[PDB]
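Given as structure tokens, the chain that follows is alone and in the form deposited in one PDB entry.
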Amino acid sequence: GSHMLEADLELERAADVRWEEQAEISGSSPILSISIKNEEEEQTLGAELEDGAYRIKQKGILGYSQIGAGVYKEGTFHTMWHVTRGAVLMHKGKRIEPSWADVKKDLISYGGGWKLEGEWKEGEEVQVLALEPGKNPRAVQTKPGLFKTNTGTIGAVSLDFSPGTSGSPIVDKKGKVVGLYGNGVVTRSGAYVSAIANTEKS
């Protein structure tokens, strides 16, 4: 084999994980990314990992491509299984390795088990803190729908962002992460929706 990584996947911090008051008022609001940053350039990249929402960027010969996003909380990085498929990640020269995954929930954690402790019950609204390829972070408030699964129930939001937003946090009014964007599941009625982890009852 090779002792090199098969892919260069780099993390880039983009936003604090918080409920945004402006998005509760207006339905959406831009969030600060920092010098204040006026434009995201996807192709460039930007005891040293802290809490927040990050982009995941894969190096190629044409530059970086944003393949997804995730959340650092309590020493653990959280993202979607489909985004990394267990590949090692880098942040500013530090390597982080997979620790836990659940392919059915489309989840994977690095550097510990799951730490995200947001909650949601029927009728509450959440904010998608979306890190889309090419865009500065934006908070968009939305009301999840409730769904029966073949083992209990789950909430979902509509798939209303780029696929490369997968792994961005969905926050409750306490600022805690109910789930991550981009776990696409099929409804009996034909629709694709984005299922929210933590909301699952089984």
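Just so we're on the same page, rigid core means the largest C-alpha set that superposes within 1.5 Å between forms. Residue numbers here begin at 1 and follow the sequence given.
Student: Looking across the other entries that model both neighbours, is residue 196 missing in at least a third?
Tutor: Looking at the other entries that model residues on either side of it, residue 196 is present in every one.
Student: Is residue 182 unbuilt in at least a third of the other PDB entries compared?
Tutor: Negative; every one of those entries includes residue 182.
Student: Zero if continuous, otherwise a range: how many residues of the deposited sequence are missing coordinates between residue 34 and residue 35 (none, 1 to 3, 4 to 9, 10 or more)?
Tutor: Per the deposited record, the segment joining residue 34 and residue 35 lacks coordinates for 4 to 9 residues.
Student: Would you class the number of unmodelled deposited residues between residue 145 and residue 146 as none, 1 to 3, 4 to 9, or 10 or more?
Tutor: Count of unmodelled residues in between: none.
Student: Mean CA B-factor: is it higher for 126-134 or for 87-95?
Tutor: The stretch with the larger mean CA B-factor is 87-95.
Student: Comparing 159-167 with 136-144, which stretch shows the greater average C-alpha B-factor in the deposited entry?
Tutor: 136-144 has the higher mean C-alpha B-factor.
Student: In terms of recorded Cα temperature factor, pick the maximum from 151, 58, 26, 44.
Tutor: Within the set 151, 58, 26, 44, 151 shows the top C-alpha B-factor.
Student: Split into thirds by Cα B-factor across the chain's modelled residues, where does residue 107 land: lowest, middle or highest?
Tutor: CA B-factor rank for residue 107: middle third.
Student: Comparing against every modelled residue in the chain, figure out the third that the C-alpha B-factor of residue 101 lands in (lowest, middle or highest).
Tutor: Ranked within chain, residue 101 CA B lands in the highest tercile.
Student: What third of the chain does residue 186 rank in for C-alpha temperature factor, lowest, middle or highest?
Tutor: Highest third of the chain for residue 186's C-alpha B-factor.
Student: Give the position of residue 40 by CA B-factor within its chain, expressed as the lowest, middle or highest third.
Tutor: Lowest third.
Student: Which third of the chain holds residue 82 when residues are ordered by C-alpha B factor: lowest, middle or highest?
Tutor: It falls in the middle third of the chain.
Another form exists, solved in complex with a small molecule; not displayed. Remarks below refer to it.
Student: Establish, in the deposited complex, whether 128, 139 and 176 all lie within 4.5 Å of the small molecule, using non-hydrogen atoms for the distance.
Tutor: Zero of three within 4.5 Å in the deposited complex.
Student: Tell me, yes or no, whether residue 96 is in contact with the small molecule in the deposited complex, where a contact means a heavy atom of each within 4.5 Å.
Tutor: Output for residue 96 is no: heavy atoms all beyond 4.5 Å of the small molecule.
Student: Evaluate residue 105 for contact with the small molecule in the deposited complex, applying a 4.5 angstroms cut-off between non-hydrogen atoms, and reply yes or no.
Tutor: Yes, contact at 4.5 Å.
Student: Is residue 72 one of the residues lying within 4.5 Å of the small molecule in the deposited complex, judged by heavy atom distances?
Tutor: Because no heavy atom of residue 72 falls inside 4.5 Å of the small molecule in the deposited complex, the answer is no.
Student: With a cut-off of 4.5 Å between heavy atoms, is residue 114 one of the residues that contacts the small molecule in the deposited complex?
Tutor: So residue 114 counts as contacting the small molecule.
Student: On a core-based superposition, does residue 65 travel 2 Å or more at its Cα between the shown form and the other one?
Tutor: Comparing the forms between the shown form and the other one, which are aligned on their rigid core, residue 65 does not shift its C-alpha by 2 Å or more.
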